[PDB]
>>> print(open('work.cif').read())   # mmCIF, C-alpha atoms and all ligand atoms
data_final
loop_
_atom_site.label_atom_id
_atom_site.label_comp_id
_atom_site.auth_asym_id
_atom_site.auth_seq_id
_atom_site.Cartn_x
_atom_site.Cartn_y
_atom_site.Cartn_z
CA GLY A 1 83.90 -52.00 8.25
CA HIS A 2 81.64 -53.38 10.97
CA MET A 3 82.83 -50.88 13.61
CA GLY A 4 83.24 -47.16 13.21
CA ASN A 5 86.34 -45.38 14.47
CA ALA A 6 85.20 -44.77 18.06
CA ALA A 7 83.91 -48.31 18.55
CA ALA A 8 87.03 -49.94 17.09
CA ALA A 9 89.38 -47.91 19.29
CA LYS A 10 87.29 -48.63 22.38
CA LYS A 11 87.33 -52.37 21.64
CA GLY A 12 91.06 -52.40 20.93
CA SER A 13 91.82 -50.62 24.20
CA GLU A 14 89.50 -53.03 26.08
CA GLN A 15 91.34 -56.01 24.63
CA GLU A 16 94.73 -54.57 25.59
CA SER A 17 93.45 -54.02 29.13
CA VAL A 18 92.42 -57.69 29.27
CA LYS A 19 95.99 -58.59 28.33
CA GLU A 20 97.30 -56.39 31.14
CA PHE A 21 94.89 -57.97 33.63
CA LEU A 22 95.84 -61.48 32.56
CA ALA A 23 99.57 -60.79 32.86
CA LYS A 24 99.09 -59.67 36.47
CA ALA A 25 96.82 -62.65 37.18
CA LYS A 26 99.53 -65.00 35.93
CA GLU A 27 102.11 -63.40 38.21
CA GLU A 28 99.76 -63.88 41.18
CA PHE A 29 98.92 -67.48 40.24
CA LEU A 30 102.55 -68.50 39.82
CA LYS A 31 103.51 -67.02 43.19
CA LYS A 32 100.79 -69.13 44.85
CA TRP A 33 101.64 -72.16 42.67
CA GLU A 34 105.21 -72.03 44.03
CA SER A 35 104.57 -71.02 47.67
CA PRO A 36 101.13 -72.24 48.82
CA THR A 40 95.09 -75.97 57.34
CA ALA A 41 92.32 -77.60 59.45
CA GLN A 42 91.11 -80.93 60.86
CA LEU A 43 87.86 -82.86 60.81
CA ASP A 44 86.79 -82.29 64.41
CA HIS A 45 86.78 -78.54 63.72
CA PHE A 46 83.44 -78.95 61.87
CA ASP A 47 79.94 -80.26 62.48
CA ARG A 48 78.64 -82.27 59.54
CA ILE A 49 75.08 -81.23 58.64
CA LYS A 50 73.85 -82.71 55.37
CA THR A 51 75.03 -84.15 52.07
CA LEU A 52 74.77 -81.59 49.24
CA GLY A 53 75.96 -83.78 46.36
CA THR A 54 77.71 -87.02 45.52
CA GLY A 55 80.30 -88.14 43.02
CA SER A 56 82.65 -90.95 42.09
CA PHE A 57 85.31 -90.65 44.80
CA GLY A 58 82.95 -89.31 47.47
CA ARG A 59 80.48 -86.66 48.56
CA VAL A 60 80.18 -82.99 49.42
CA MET A 61 78.63 -82.12 52.77
CA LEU A 62 77.39 -78.91 54.30
CA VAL A 63 79.47 -78.37 57.43
CA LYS A 64 79.50 -75.73 60.16
CA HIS A 65 82.82 -74.52 61.56
CA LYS A 66 82.66 -74.87 65.34
CA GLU A 67 84.63 -71.78 66.34
CA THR A 68 83.23 -69.22 63.88
CA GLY A 69 79.86 -70.76 63.05
CA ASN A 70 80.51 -70.24 59.33
CA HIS A 71 79.10 -72.79 56.91
CA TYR A 72 81.16 -74.46 54.19
CA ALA A 73 80.93 -77.22 51.58
CA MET A 74 83.35 -80.05 52.45
CA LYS A 75 84.35 -82.46 49.69
CA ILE A 76 85.35 -85.87 51.11
CA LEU A 77 87.41 -88.32 49.02
CA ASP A 78 88.21 -91.88 50.05
CA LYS A 79 91.93 -92.47 49.42
CA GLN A 80 91.50 -96.17 48.64
CA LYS A 81 88.85 -95.38 46.02
CA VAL A 82 91.03 -92.67 44.46
CA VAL A 83 93.92 -95.11 44.03
CA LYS A 84 91.74 -97.88 42.62
CA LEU A 85 90.42 -95.46 39.97
CA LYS A 86 93.91 -94.09 39.18
CA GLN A 87 92.83 -90.57 40.19
CA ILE A 88 95.82 -89.80 42.41
CA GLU A 89 97.38 -87.17 40.15
CA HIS A 90 93.96 -85.73 39.26
CA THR A 91 93.14 -85.25 42.94
CA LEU A 92 96.52 -83.63 43.55
CA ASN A 93 95.87 -81.35 40.54
CA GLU A 94 92.44 -80.42 41.89
CA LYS A 95 93.69 -79.23 45.26
CA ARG A 96 96.83 -77.53 43.94
CA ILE A 97 94.96 -75.62 41.24
CA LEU A 98 92.07 -74.61 43.50
CA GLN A 99 94.58 -73.33 46.08
CA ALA A 100 96.29 -71.07 43.55
CA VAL A 101 93.51 -69.56 41.37
CA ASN A 102 91.48 -66.44 42.12
CA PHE A 103 88.55 -65.33 39.95
CA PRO A 104 85.01 -64.11 40.81
CA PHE A 105 83.29 -67.17 39.26
CA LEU A 106 85.63 -69.86 40.67
CA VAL A 107 84.67 -71.40 44.02
CA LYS A 108 87.08 -70.49 46.82
CA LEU A 109 88.95 -73.19 48.73
CA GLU A 110 89.24 -72.26 52.41
CA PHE A 111 90.93 -75.34 53.96
CA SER A 112 92.37 -78.71 52.98
CA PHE A 113 93.61 -81.65 55.04
CA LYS A 114 93.75 -85.45 55.20
CA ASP A 115 93.48 -88.26 57.75
CA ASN A 116 94.04 -92.02 57.80
CA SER A 117 91.20 -92.68 55.34
CA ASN A 118 90.16 -89.53 53.48
CA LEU A 119 91.15 -86.32 51.73
CA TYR A 120 89.15 -83.18 52.53
CA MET A 121 88.64 -79.92 50.64
CA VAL A 122 86.59 -77.24 52.40
CA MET A 123 85.10 -74.62 50.05
CA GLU A 124 82.74 -71.68 50.31
CA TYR A 125 79.12 -72.83 50.50
CA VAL A 126 77.08 -71.59 47.54
CA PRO A 127 73.45 -71.83 48.72
CA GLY A 128 71.52 -71.12 45.51
CA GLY A 129 71.87 -74.68 44.21
CA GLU A 130 73.09 -76.23 40.99
CA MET A 131 72.27 -74.71 37.64
CA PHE A 132 71.31 -78.30 36.74
CA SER A 133 68.34 -78.29 39.14
CA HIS A 134 67.07 -74.88 38.05
CA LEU A 135 67.40 -75.83 34.36
CA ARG A 136 65.59 -79.16 34.73
CA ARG A 137 62.80 -77.48 36.71
CA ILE A 138 62.17 -74.61 34.28
CA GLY A 139 62.86 -76.68 31.15
CA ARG A 140 65.09 -74.23 29.30
CA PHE A 141 66.50 -70.73 29.78
CA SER A 142 65.65 -67.91 27.38
CA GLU A 143 68.57 -66.72 25.26
CA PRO A 144 69.32 -63.64 27.40
CA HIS A 145 69.28 -65.79 30.54
CA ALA A 146 71.58 -68.41 28.97
CA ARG A 147 73.83 -65.62 27.65
CA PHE A 148 74.31 -64.13 31.13
CA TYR A 149 75.68 -67.46 32.39
CA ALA A 150 77.63 -68.18 29.20
CA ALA A 151 79.48 -64.86 29.48
CA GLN A 152 80.76 -65.81 32.93
CA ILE A 153 82.08 -69.12 31.58
CA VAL A 154 83.79 -67.35 28.66
CA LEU A 155 85.60 -65.02 31.07
CA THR A 156 86.47 -67.90 33.39
CA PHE A 157 87.98 -69.95 30.57
CA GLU A 158 89.85 -66.90 29.27
CA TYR A 159 91.39 -66.63 32.76
CA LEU A 160 92.13 -70.35 33.18
CA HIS A 161 93.56 -70.85 29.71
CA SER A 162 95.82 -67.81 30.13
CA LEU A 163 97.37 -69.69 33.09
CA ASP A 164 97.76 -72.83 30.94
CA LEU A 165 94.96 -74.54 32.86
CA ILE A 166 92.45 -76.83 31.14
CA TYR A 167 89.15 -77.34 33.00
CA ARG A 168 87.71 -80.50 31.36
CA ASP A 169 84.39 -80.94 33.20
CA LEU A 170 82.00 -78.18 32.26
CA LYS A 171 78.34 -79.12 32.82
CA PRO A 172 75.34 -77.65 34.69
CA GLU A 173 75.89 -80.08 37.60
CA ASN A 174 79.21 -78.28 38.34
CA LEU A 175 77.86 -74.71 38.17
CA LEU A 176 76.30 -73.24 41.30
CA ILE A 177 74.18 -70.12 41.59
CA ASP A 178 75.31 -67.69 44.27
CA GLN A 179 73.23 -65.25 46.32
CA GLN A 180 73.52 -62.54 43.63
CA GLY A 181 72.56 -64.92 40.82
CA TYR A 182 76.09 -65.32 39.46
CA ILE A 183 77.86 -68.61 38.69
CA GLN A 184 80.42 -70.45 40.76
CA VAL A 185 82.43 -73.17 39.00
CA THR A 186 83.09 -76.17 41.24
CA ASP A 187 84.82 -79.48 40.61
CA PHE A 188 88.41 -79.09 39.53
CA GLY A 189 88.86 -82.87 39.56
CA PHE A 190 90.04 -82.93 35.93
CA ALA A 191 91.71 -79.52 35.83
CA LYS A 192 95.33 -79.67 34.76
CA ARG A 193 98.27 -77.42 33.95
CA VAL A 194 98.82 -78.13 30.24
CA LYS A 195 101.02 -76.02 27.98
CA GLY A 196 100.14 -77.85 24.75
CA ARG A 197 98.76 -81.38 24.42
CA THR A 198 97.43 -83.80 27.00
CA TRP A 199 96.07 -87.34 26.56
CA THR A 200 93.84 -88.53 29.44
CA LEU A 201 90.43 -89.89 28.50
CA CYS A 202 88.27 -88.06 31.05
CA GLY A 203 85.23 -85.79 31.33
CA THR A 204 81.48 -86.35 31.11
CA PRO A 205 80.15 -88.14 28.01
CA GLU A 206 77.69 -85.52 26.69
CA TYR A 207 80.36 -82.77 27.01
CA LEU A 208 83.39 -84.56 25.47
CA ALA A 209 84.97 -83.06 22.37
CA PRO A 210 85.43 -85.48 19.46
CA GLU A 211 89.22 -85.41 19.78
CA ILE A 212 88.97 -86.82 23.32
CA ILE A 213 86.74 -89.69 22.18
CA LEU A 214 89.16 -90.32 19.29
CA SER A 215 92.14 -90.64 21.68
CA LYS A 216 94.13 -87.67 20.39
CA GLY A 217 96.69 -85.57 22.18
CA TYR A 218 94.18 -82.75 22.58
CA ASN A 219 94.43 -79.18 23.86
CA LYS A 220 92.52 -76.44 25.70
CA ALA A 221 90.04 -76.15 22.80
CA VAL A 222 88.12 -79.08 24.33
CA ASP A 223 86.78 -76.54 26.83
CA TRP A 224 85.40 -74.34 24.03
CA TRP A 225 83.61 -77.34 22.56
CA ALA A 226 82.16 -78.00 26.01
CA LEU A 227 80.98 -74.37 26.18
CA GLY A 228 79.05 -75.02 22.98
CA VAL A 229 77.40 -78.04 24.61
CA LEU A 230 76.51 -76.00 27.70
CA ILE A 231 75.02 -73.09 25.77
CA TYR A 232 72.98 -75.49 23.66
CA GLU A 233 71.71 -77.34 26.74
CA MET A 234 70.87 -74.11 28.59
CA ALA A 235 68.90 -72.76 25.63
CA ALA A 236 67.27 -76.06 24.51
CA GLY A 237 66.83 -77.90 27.82
CA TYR A 238 68.75 -80.94 26.57
CA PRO A 239 72.27 -81.29 25.11
CA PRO A 240 73.10 -81.59 21.39
CA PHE A 241 74.32 -85.21 21.52
CA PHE A 242 71.68 -87.00 23.54
CA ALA A 243 71.26 -90.77 23.97
CA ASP A 244 70.69 -93.30 26.71
CA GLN A 245 74.16 -94.88 26.74
CA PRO A 246 77.68 -93.38 26.48
CA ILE A 247 78.62 -95.41 23.40
CA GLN A 248 75.65 -93.94 21.49
CA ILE A 249 76.50 -90.45 22.78
CA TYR A 250 80.07 -90.81 21.46
CA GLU A 251 78.89 -91.90 18.02
CA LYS A 252 76.73 -88.76 17.79
CA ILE A 253 79.59 -86.50 18.89
CA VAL A 254 82.07 -87.89 16.37
CA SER A 255 79.60 -87.55 13.52
CA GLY A 256 79.42 -83.89 14.55
CA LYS A 257 75.95 -83.45 13.08
CA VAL A 258 74.02 -80.95 15.21
CA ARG A 259 70.34 -80.12 14.87
CA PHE A 260 68.87 -77.05 16.54
CA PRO A 261 65.43 -76.30 17.98
CA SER A 262 63.33 -74.07 15.75
CA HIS A 263 63.25 -71.42 18.48
CA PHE A 264 67.05 -70.89 18.44
CA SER A 265 68.00 -67.52 16.94
CA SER A 266 70.24 -67.42 13.87
CA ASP A 267 72.93 -65.69 15.94
CA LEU A 268 72.87 -68.53 18.46
CA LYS A 269 73.04 -71.22 15.77
CA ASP A 270 76.01 -69.49 14.15
CA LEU A 271 77.89 -69.32 17.45
CA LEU A 272 77.14 -72.96 18.23
CA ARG A 273 78.26 -74.19 14.81
CA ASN A 274 81.58 -72.44 15.42
CA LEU A 275 82.04 -73.90 18.93
CA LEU A 276 80.71 -77.40 18.09
CA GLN A 277 83.22 -77.58 15.26
CA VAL A 278 85.01 -80.87 14.70
CA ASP A 279 87.79 -79.23 12.66
CA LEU A 280 90.22 -77.69 15.17
CA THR A 281 91.51 -75.30 12.49
CA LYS A 282 88.04 -73.72 12.47
CA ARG A 283 86.83 -73.98 16.09
CA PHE A 284 86.25 -70.68 17.87
CA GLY A 285 88.59 -70.24 20.80
CA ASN A 286 91.30 -72.09 18.86
CA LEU A 287 92.07 -69.54 16.11
CA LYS A 288 94.53 -66.66 15.73
CA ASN A 289 92.01 -64.20 17.24
CA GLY A 290 91.61 -66.43 20.32
CA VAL A 291 88.82 -65.70 22.76
CA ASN A 292 87.89 -62.54 20.85
CA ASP A 293 86.13 -64.56 18.15
CA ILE A 294 83.70 -65.58 20.89
CA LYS A 295 83.48 -62.29 22.80
CA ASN A 296 82.91 -60.28 19.61
CA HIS A 297 80.32 -62.66 18.11
CA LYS A 298 76.89 -61.18 17.34
CA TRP A 299 75.19 -63.39 19.94
CA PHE A 300 77.21 -61.55 22.61
CA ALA A 301 76.72 -58.07 21.10
CA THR A 302 74.61 -56.94 24.10
CA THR A 303 77.16 -58.29 26.62
CA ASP A 304 79.13 -55.73 28.64
CA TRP A 305 82.11 -57.92 29.46
CA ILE A 306 83.57 -55.60 32.10
CA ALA A 307 80.20 -55.22 33.80
CA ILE A 308 79.84 -59.03 33.97
CA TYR A 309 83.33 -59.32 35.50
CA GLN A 310 82.44 -56.54 38.00
CA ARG A 311 79.17 -58.33 38.84
CA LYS A 312 77.23 -55.15 38.06
CA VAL A 313 74.70 -56.68 35.64
CA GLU A 314 71.36 -57.52 37.23
CA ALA A 315 71.06 -61.29 37.23
CA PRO A 316 68.03 -62.94 35.62
CA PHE A 317 67.32 -65.12 38.67
CA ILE A 318 68.10 -64.63 42.37
CA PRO A 319 67.79 -67.81 44.47
CA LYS A 320 65.61 -67.65 47.53
CA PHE A 321 67.96 -67.33 50.51
CA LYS A 322 66.58 -68.66 53.80
CA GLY A 323 69.59 -68.37 56.11
CA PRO A 324 73.30 -69.19 56.03
CA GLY A 325 72.91 -72.96 56.55
CA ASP A 326 69.73 -73.44 54.54
CA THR A 327 69.90 -76.28 52.00
CA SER A 328 66.44 -75.93 50.40
CA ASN A 329 67.95 -75.48 46.91
CA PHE A 330 69.64 -78.91 47.00
CA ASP A 331 68.31 -82.45 46.66
CA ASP A 332 68.37 -85.07 49.40
CA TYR A 333 70.91 -87.87 49.27
CA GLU A 334 71.41 -90.98 51.35
CA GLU A 335 73.69 -90.13 54.29
CA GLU A 336 76.71 -92.28 55.15
CA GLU A 337 78.79 -91.85 58.30
CA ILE A 338 82.37 -90.68 57.72
CA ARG A 339 84.46 -93.69 58.76
CA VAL A 340 88.09 -93.02 59.73
CA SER A 341 90.24 -96.17 60.01
CA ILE A 342 92.75 -96.55 62.85
CA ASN A 343 95.35 -97.45 60.20
CA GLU A 344 96.69 -94.99 57.64
CA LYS A 345 95.81 -95.87 54.06
CA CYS A 346 97.81 -94.88 50.97
CA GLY A 347 100.25 -92.65 52.84
CA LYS A 348 102.95 -92.70 50.17
CA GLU A 349 100.54 -91.94 47.31
CA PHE A 350 99.16 -88.76 48.93
CA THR A 351 102.22 -87.26 50.66
CA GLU A 352 101.93 -84.06 48.61
CA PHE A 353 98.25 -83.44 49.46
CA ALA B 3 65.70 -90.33 24.29
CA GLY B 4 68.64 -89.52 26.57
CA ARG B 5 69.87 -88.98 30.10
CA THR B 6 67.90 -86.45 32.15
CA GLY B 7 69.48 -87.10 35.56
CA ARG B 8 72.81 -86.02 36.96
CA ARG B 9 75.67 -87.29 34.81
CA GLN B 10 78.77 -88.80 36.36
CA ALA B 11 82.25 -88.15 35.08
CA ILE B 12 84.18 -90.91 33.33
CA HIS B 13 87.84 -91.67 34.03
CA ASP B 14 88.51 -93.74 30.89
CA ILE B 15 86.89 -94.97 27.67
CA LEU B 16 87.24 -98.72 27.11
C1 LIG A 401 77.88 -79.32 42.71
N1 LIG A 401 77.28 -79.33 44.04
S1 LIG A 401 78.11 -79.95 45.28
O1 LIG A 401 78.82 -81.09 44.79
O2 LIG A 401 77.19 -80.09 46.37
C2 LIG A 401 79.32 -78.72 45.70
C3 LIG A 401 80.61 -78.95 45.29
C4 LIG A 401 81.60 -78.02 45.57
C5 LIG A 401 81.32 -76.86 46.22
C6 LIG A 401 79.99 -76.57 46.64
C7 LIG A 401 79.62 -75.37 47.29
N2 LIG A 401 78.39 -75.09 47.69
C8 LIG A 401 77.44 -76.01 47.47
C9 LIG A 401 77.66 -77.21 46.86
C10 LIG A 401 78.96 -77.52 46.40
#
>>> encode(input="work.cif", output="structure tokens", more="lines below")
Ligand SMILES: CNS(=O)(=O)c1cccc2cnccc12
Amino acid sequence: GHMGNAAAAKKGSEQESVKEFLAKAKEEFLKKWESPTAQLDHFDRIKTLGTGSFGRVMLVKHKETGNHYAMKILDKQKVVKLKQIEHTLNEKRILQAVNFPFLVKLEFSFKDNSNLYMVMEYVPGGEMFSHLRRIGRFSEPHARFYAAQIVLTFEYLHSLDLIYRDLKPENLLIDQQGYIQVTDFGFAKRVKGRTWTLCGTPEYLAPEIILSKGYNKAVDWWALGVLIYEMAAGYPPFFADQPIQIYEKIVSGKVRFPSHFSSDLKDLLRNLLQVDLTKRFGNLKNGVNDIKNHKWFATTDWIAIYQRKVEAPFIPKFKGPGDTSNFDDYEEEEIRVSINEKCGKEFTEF
Amino acid sequence: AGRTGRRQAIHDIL
């Protein structure tokens, strides 16, 4: 067969140890899920790091300790108008309960008359998006290093019956050691089987979302295919100026590859960017192992990636704990807090 | 031709 005796036994034992790890991780998650912390004037607001639909993320400095954090600010009225109440509750509840080396850590959460706040660890290396647009494309080994971290992160999340639903370079930060931090749990959800909400980012949507199916966690494996393609090409596989044209390309499923892609990479991508759910990697009997054991990942030491012992391909320049040089500038808007409580009943659980 | 800037999430498809 492909593996000799020693290699097959080593791989089998490794896979059983993953199962043992995941069983413990589920116990820990459920304890936090069942039995889960600051206020605004505890922080100085420094600078906007990024924006989004419901609000913005700001660099803040904690007054007492002097530690820096990234504070996501959501306007309650805007969340209600966009029917994102349950999504925002999901985001905070899930972030509070997970624990994995490549998932951003939530340190505090609170609300006031106008806004919801989530205070997370500040990741100063900037968005993968910026680095990718600046360099053009990542070489295959560089893309593979990041991809491996996503594979492990999705193996963890899916084992907990969590679906992520917004993978893209904009949501992946580079930490001081060159490893990835996944941010933005706005569409994350506990899903045992099917779910139905039409949400995500156009270029990354699986066909079954666009086609209004009751879809499953395999949408995240499709999105991994999009990410790997974009990292290695510099642009995503279904690329057009307007969402409607993007969707038409996705549903056709036709993918063309740059001539510099290796055959191993093309084979992996055809198996992730697979319309037919009975054939998509990550959705078969062998589960995540079809991905982890694929030839494109043959050089990947999965345990060493988890342990953060692989030398990263790129280390951001670090210029102090509150430095923001790896982020773009955004228009600043003062944080207005009404004297009247808004949407109290909708957000009681936050 | 396609989108090179930051891409916003969508909450529905009309
Ligand atoms: C995606 N970039 S961002 O929206 O500015 C952001 C969101 C969530 C956590 C963060 C942590 N450190 C830096 C930026 C962070």
>>> residues_near_ligand(input="work.cif", ligand="ligand LIG 401 (chain A)", cutoff="8 Å", atoms="only C-alpha atoms and all ligand atoms", output="MDAnalysis selection string")
chainID A and resid 51:55 59:62 72:75 107 123:130 173:176 186:187 330
>>> write_last_selection(input="work.cif", atoms="C-alpha atoms", output="PDB file, keeping the file's coordinate frame")
ATOM      1  CA  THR A  51      75.030 -84.150  52.070  1.00  0.00           C
ATOM      2  CA  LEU A  52      74.770 -81.590  49.240  1.00  0.00           C
ATOM      3  CA  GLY A  53      75.960 -83.780  46.360  1.00  0.00           C
ATOM      4  CA  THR A  54      77.710 -87.020  45.520  1.00  0.00           C
ATOM      5  CA  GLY A  55      80.300 -88.140  43.020  1.00  0.00           C
ATOM      6  CA  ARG A  59      80.480 -86.660  48.560  1.00  0.00           C
ATOM      7  CA  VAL A  60      80.180 -82.990  49.420  1.00  0.00           C
ATOM      8  CA  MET A  61      78.630 -82.120  52.770  1.00  0.00           C
ATOM      9  CA  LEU A  62      77.390 -78.910  54.300  1.00  0.00           C
ATOM     10  CA  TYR A  72      81.160 -74.460  54.190  1.00  0.00           C
ATOM     11  CA  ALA A  73      80.930 -77.220  51.580  1.00  0.00           C
ATOM     12  CA  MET A  74      83.350 -80.050  52.450  1.00  0.00           C
ATOM     13  CA  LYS A  75      84.350 -82.460  49.690  1.00  0.00           C
ATOM     14  CA  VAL A 107      84.670 -71.400  44.020  1.00  0.00           C
ATOM     15  CA  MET A 123      85.100 -74.620  50.050  1.00  0.00           C
ATOM     16  CA  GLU A 124      82.740 -71.680  50.310  1.00  0.00           C
ATOM     17  CA  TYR A 125      79.120 -72.830  50.500  1.00  0.00           C
ATOM     18  CA  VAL A 126      77.080 -71.590  47.540  1.00  0.00           C
ATOM     19  CA  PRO A 127      73.450 -71.830  48.720  1.00  0.00           C
ATOM     20  CA  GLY A 128      71.520 -71.120  45.510  1.00  0.00           C
ATOM     21  CA  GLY A 129      71.870 -74.680  44.210  1.00  0.00           C
ATOM     22  CA  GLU A 130      73.090 -76.230  40.990  1.00  0.00           C
ATOM     23  CA  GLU A 173      75.890 -80.080  37.600  1.00  0.00           C
ATOM     24  CA  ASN A 174      79.210 -78.280  38.340  1.00  0.00           C
ATOM     25  CA  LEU A 175      77.860 -74.710  38.170  1.00  0.00           C
ATOM     26  CA  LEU A 176      76.300 -73.240  41.300  1.00  0.00           C
ATOM     27  CA  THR A 186      83.090 -76.170  41.240  1.00  0.00           C
ATOM     28  CA  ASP A 187      84.820 -79.480  40.610  1.00  0.00           C
ATOM     29  CA  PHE A 330      69.640 -78.910  47.000  1.00  0.00           C
TER      30      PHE A 330
END
>>> residues_around(input="work.cif", residues="residue 249 in chain A", least_positions_apart="5", cutoff="7 Å", atoms="only C-alpha atoms", output="short mmCIF file (atom, residue, chain, number, x, y, z; two decimals) with C-alpha atoms, in the coordinates of the input")
data_model
loop_
_atom_site.label_atom_id
_atom_site.label_comp_id
_atom_site.auth_asym_id
_atom_site.auth_seq_id
_atom_site.Cartn_x
_atom_site.Cartn_y
_atom_site.Cartn_z
CA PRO A 205 80.15 -88.14 28.01
CA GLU A 206 77.69 -85.52 26.69
CA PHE A 241 74.32 -85.21 21.52
CA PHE A 242 71.68 -87.00 23.54
CA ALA A 243 71.26 -90.77 23.97
#
>>> closest_atom_pairs(input="work.cif", of="chain A", to="chain B", cutoff="6 Å", atoms="only C-alpha atoms", output="JSON lines")
{"residue": "A:201", "atom": "CA", "partner": "B:14", "partner_atom": "CA", "distance": 4.9}
{"residue": "A:202", "atom": "CA", "partner": "B:13", "partner_atom": "CA", "distance": 4.7}
{"residue": "A:203", "atom": "CA", "partner": "B:11", "partner_atom": "CA", "distance": 5.3}
{"residue": "A:204", "atom": "CA", "partner": "B:11", "partner_atom": "CA", "distance": 4.4}
{"residue": "A:242", "atom": "CA", "partner": "B:4", "partner_atom": "CA", "distance": 5.0}
{"residue": "A:243", "atom": "CA", "partner": "B:4", "partner_atom": "CA", "distance": 3.9}
{"residue": "A:244", "atom": "CA", "partner": "B:4", "partner_atom": "CA", "distance": 4.3}
>>> residues_around(input="work.cif", residues="residue 189 in chain A", least_positions_apart="4", cutoff="7 Å", atoms="all atoms listed in the file", output="list in words")
residues 90, 91 and 94 of chain A
>>> atom_distance(input="work.cif", atom1="CA of residue 120 in chain A", atom2="CA of residue 180 in chain A")
27.4 Å
>>> atom_distance(input="work.cif", atom1="CA of residue 323 in chain A", atom2="CA of residue 49 in chain A")
14.2 Å
>>> axis_aligned_box(input="work.cif", around="range 266-270 of chain A", padding_each_side="5 Å", output="lines of an AutoDock Vina configuration file")
center_x = 73.1
center_y = -68.5
center_z = 16.2
size_x = 15.8
size_y = 15.5
size_z = 14.6
>>> residues_around(input="work.cif", residues="residue 276 in chain A", least_positions_apart="5", cutoff="12 Å", atoms="all atoms listed in the file", output="PDB file with C-alpha atoms, in the coordinates of the input")
ATOM      1  CA  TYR A 207      80.360 -82.770  27.010  1.00  0.00           C
ATOM      2  CA  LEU A 208      83.390 -84.560  25.470  1.00  0.00           C
ATOM      3  CA  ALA A 209      84.970 -83.060  22.370  1.00  0.00           C
ATOM      4  CA  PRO A 210      85.430 -85.480  19.460  1.00  0.00           C
ATOM      5  CA  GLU A 211      89.220 -85.410  19.780  1.00  0.00           C
ATOM      6  CA  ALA A 221      90.040 -76.150  22.800  1.00  0.00           C
ATOM      7  CA  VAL A 222      88.120 -79.080  24.330  1.00  0.00           C
ATOM      8  CA  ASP A 223      86.780 -76.540  26.830  1.00  0.00           C
ATOM      9  CA  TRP A 224      85.400 -74.340  24.030  1.00  0.00           C
ATOM     10  CA  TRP A 225      83.610 -77.340  22.560  1.00  0.00           C
ATOM     11  CA  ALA A 226      82.160 -78.000  26.010  1.00  0.00           C
ATOM     12  CA  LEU A 227      80.980 -74.370  26.180  1.00  0.00           C
ATOM     13  CA  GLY A 228      79.050 -75.020  22.980  1.00  0.00           C
ATOM     14  CA  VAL A 229      77.400 -78.040  24.610  1.00  0.00           C
ATOM     15  CA  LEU A 230      76.510 -76.000  27.700  1.00  0.00           C
ATOM     16  CA  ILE A 231      75.020 -73.090  25.770  1.00  0.00           C
ATOM     17  CA  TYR A 232      72.980 -75.490  23.660  1.00  0.00           C
ATOM     18  CA  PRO A 239      72.270 -81.290  25.110  1.00  0.00           C
ATOM     19  CA  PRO A 240      73.100 -81.590  21.390  1.00  0.00           C
ATOM     20  CA  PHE A 241      74.320 -85.210  21.520  1.00  0.00           C
ATOM     21  CA  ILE A 253      79.590 -86.500  18.890  1.00  0.00           C
ATOM     22  CA  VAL A 254      82.070 -87.890  16.370  1.00  0.00           C
ATOM     23  CA  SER A 255      79.600 -87.550  13.520  1.00  0.00           C
ATOM     24  CA  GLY A 256      79.420 -83.890  14.550  1.00  0.00           C
ATOM     25  CA  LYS A 257      75.950 -83.450  13.080  1.00  0.00           C
ATOM     26  CA  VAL A 258      74.020 -80.950  15.210  1.00  0.00           C
ATOM     27  CA  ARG A 259      70.340 -80.120  14.870  1.00  0.00           C
ATOM     28  CA  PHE A 260      68.870 -77.050  16.540  1.00  0.00           C
ATOM     29  CA  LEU A 268      72.870 -68.530  18.460  1.00  0.00           C
ATOM     30  CA  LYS A 269      73.040 -71.220  15.770  1.00  0.00           C
ATOM     31  CA  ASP A 270      76.010 -69.490  14.150  1.00  0.00           C
ATOM     32  CA  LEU A 271      77.890 -69.320  17.450  1.00  0.00           C
ATOM     33  CA  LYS A 282      88.040 -73.720  12.470  1.00  0.00           C
ATOM     34  CA  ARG A 283      86.830 -73.980  16.090  1.00  0.00           C
ATOM     35  CA  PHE A 284      86.250 -70.680  17.870  1.00  0.00           C
ATOM     36  CA  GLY A 285      88.590 -70.240  20.800  1.00  0.00           C
ATOM     37  CA  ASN A 286      91.300 -72.090  18.860  1.00  0.00           C
TER      38      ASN A 286
END
>>> residues_near_point(input="work.cif", point="(77.1, -68.7, 26.7)", cutoff="10 Å", atoms="all atoms listed in the file", output="VMD selection string")
chain A and resid 143 to 154 227 to 232 234 to 235 268 271 to 272 294 to 295 299 to 300
>>> residues_around(input="work.cif", residues="residue 351 in chain A", least_positions_apart="4", cutoff="10 Å", atoms="only C-alpha atoms", output="number ranges by chain")
A: 92, 114, 346-347
>>> atom_distance(input="work.cif", atom1="CA of residue 183 in chain A", atom2="CA of residue 16 in chain A")
25.6 Å
>>> residues_around(input="work.cif", residues="residue 24 in chain A", least_positions_apart="5", cutoff="12 Å", atoms="only C-alpha atoms", output="list in words")
residues 17, 18, 19, 29, 30, 31, 102, 159, 162 and 163 of chain A
